Amino acid sequence: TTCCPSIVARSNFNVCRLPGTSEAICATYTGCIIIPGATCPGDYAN
């Protein structure tokens, strides 16, 4: 599951994913994170 720190970061993550880029590369590029669970924390609410 991906969790993003702001709405900007989420929007940038979604563009990064359009060509098929790995989630892990899009995470370091945007500041979003990948967790094994389904419950994003409050500081990664977007």
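For the protein, the name recorded in the PDB entry is Crambin, with Crambe hispanica subsp. abyssinica as its organism. Per the header of the deposited record, the title is "Solvent organization in ultrahigh-resolution protein crystal structure at room temperature". You can read under Function in the UniProt record for the protein the words "The function of this hydrophobic plant seed protein is not known." One UniProt comment on the protein, placed under Sequence similarities, says "Belongs to the plant thionin (TC 1.C.44) family."

A. Summary view of the UniProt feature "disulfide bond" in the protein. With a threshold of 2.5 Å on the sulfur distance, the UniProt-listed cystine of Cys4 and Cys32 is realised in this model at 2.0 Å. Of this pair, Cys4 sits in the loop between β1 (2-3) and α1 (7-17) while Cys32 sits in the loop between α2 (23-30) and β2 (33-34), and the two are 28 residues apart along the sequence. The buried category is assigned to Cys32, whose relative accessible area is 4%. The sulfur atoms of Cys16 and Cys26, a pair UniProt annotates as disulfide-bonded, sit 2.0 Å apart here, close enough for the bond to be present.

Definitions and limits used
Residues numbered from 1 in each chain as written, not as in the entry; some residues may be left out. Heavy atoms only, no water. UniProt positions renumbered as here; feature names shortened; annotations may be inferred. Disulfide = S-S within 2.5 Å. Helix = DSSP H or I, 4+ residues; strand = E, 2+ residues; numbered from the N terminus. Buried < 20%, exposed > 50% of the residue type's maximum accessible area, 1.4 Å probe, protein only.

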